[PDB]
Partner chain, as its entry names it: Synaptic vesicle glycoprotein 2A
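Just one chain follows, in the form deposited without the partner chain, and it is written as structure tokens.
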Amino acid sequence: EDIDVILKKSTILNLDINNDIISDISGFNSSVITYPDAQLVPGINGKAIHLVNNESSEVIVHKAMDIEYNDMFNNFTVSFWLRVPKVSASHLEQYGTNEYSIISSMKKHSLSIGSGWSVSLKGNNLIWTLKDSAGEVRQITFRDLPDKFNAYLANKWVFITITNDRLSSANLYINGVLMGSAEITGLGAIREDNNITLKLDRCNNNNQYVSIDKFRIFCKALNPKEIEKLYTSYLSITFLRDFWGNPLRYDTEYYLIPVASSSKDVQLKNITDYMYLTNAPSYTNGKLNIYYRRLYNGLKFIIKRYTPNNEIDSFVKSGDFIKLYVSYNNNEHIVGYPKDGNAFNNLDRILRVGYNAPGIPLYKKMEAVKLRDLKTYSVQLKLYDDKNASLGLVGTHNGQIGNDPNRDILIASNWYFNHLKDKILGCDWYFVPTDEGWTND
């Protein structure tokens, strides 16, 4: 049949946030109970659930009568976006073996045996657990990547999907890709609690927290294709996103990192002058098998709205016109290109920060857009002159300026418009805001 129709018809539970209220929009009307300390924060598409480590921070879904998907060997899929802060070297050492659940249908410490299923975390491992009425259990243990810059449990919003085929295996997907599997054949009937609990259970780290979004459940095992579509259907483009996957915002400091070479930071030659790439330093921990380029080094940029267009939205929308500034010494300096400004072969125009030569027009009208790579939280910036003609997308060009050493200098070029289909490009940028979910060790 039709994939979109299948995804829709197979849904028996779909949590959505509207008017700051959490509820089931699947159509089955399951009751949703939000506790006092269950917080709401920016999400992949609207707001998301944020859970802290105390008993007041939880969300309970009491299943409607008709919603029975874990019947006698009935296939089912659970999906939701997830965001877990990067685990510090210390905490990894201190709480590494502490496995705690965050989502579960298992009623614990009571009359029934270990009920249905659970999603738990243990160090840098994501775990899916299935337990039947007899107490038999099956598990999928996913070990995150060593390089936290590209890891799935390192402060970025990632899409999780776990499919369960009672005649074969349980499969764990992340951003639409298979990351783990486990045969579940031989398992008997699952008799879970009529309650689906979103809460940190048995977590020894008082500072631990997580964010969960679009929690959904299907009454069938979605296939790769259906999962791919589900995943991408959430990638709306109304708003642009920062490095963590949250809505891009105005009047906010962001470090820029070129997607094409995530190893570089941005530096400024001098006020009124040009910008260029630098080698960011890395953190490495052999015994913990964890490493990553450090963040928060290099220039700090701020996005300001070009003009107020009836309504002031704190979020930057794709297509919004803006003015880019860099914060240097408690002062904000406009980024742009002055008329007749030095440029590589008259095509790659070298950007200037705080250029102020009297009598010389300085072009600064930029447009923040999302022109490619919808799965990555990157952004493109387009520069225009006073005649609203395109001076090109922002990127870099290797060369020299006077006696300075060879560098990858920040430029604006229209040349990128003829390669918008490449895997990697050069005009793609990550906007990185300081975040408590990531601190360099």
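Numbering follows the first chain given and starts at 1. Throughout, rigid core stands for the largest set of C-alpha atoms superposing within 1.5 Å between the two forms.
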### Task
Please work out whether 303-311 or 135-143 has the higher root mean square C-alpha deviation in 7 other deposited structures of this protein relative to the shown form, with the rigid core as fitting region?
303-311
### Summary
After core superposition, the stretch with larger RMS C-alpha deviation in 7 other deposited structures of this protein, comparing 342-350 and 177-185, is 342-350
#### Entry: Selected stretch [higher average CA B-factor]: 201-209 or 173-181
201-209
### Query
On average, which has the higher Cα B-factor in the deposited entry, 187-195 or 83-91?
187-195
## Note on the structure
For 215, 73, 301, 274, the deposited C-alpha B-factor is largest at 73
### Query
Considering only 41, 383, 67, 59, which residue's Cα atom bears the greatest B-factor as recorded?
67
#### Entry: Among modelled residues of the same chain, the CA temperature factor third for residue 77
lowest
### Query
Which third, lowest, middle or highest, does the CA B-factor of residue 332 fall in along this chain?
highest
### Query
residue 135's Cα B-factor: lowest, middle or highest third of the chain?
middle
### Chain-wide C-alpha B factor ranking for residue 308, given as lowest, middle or highest third
highest
### Query
Split the chain's modelled residues into thirds by Cα B-factor; is residue 266 in the lowest, middle or highest one?
middle
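Just so it is clear, the following notes concern the form solved in complex with the partner chain, a form of the same protein that is not shown.
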### Query
Is the partner chain close enough to 284, 400 and 406 in the deposited bound form that each of the three has a heavy atom within 4.5 Å of it?
yes
## Note on the structure
With the partner omitted here, the residue among 331, 206, 279, 346 that in the deposited bound form has a heavy atom within 4.5 Å of the partner chain is 279
### Task
Just give me the single entry in 143, 229, 339, 294 that has a non-hydrogen atom within 4.5 angstroms of the partner chain in the deposited bound form.
294
### Message
Using a 4.5 Å heavy atom cut-off, which of 145-153, 68-76, 285-293, 115-123 contacts the partner chain in the deposited bound form?
### Response
285-293
### Summary
In sequence order, the residues of 360-380 that place a heavy atom within 4.5 Å of the partner chain in the deposited bound form are none
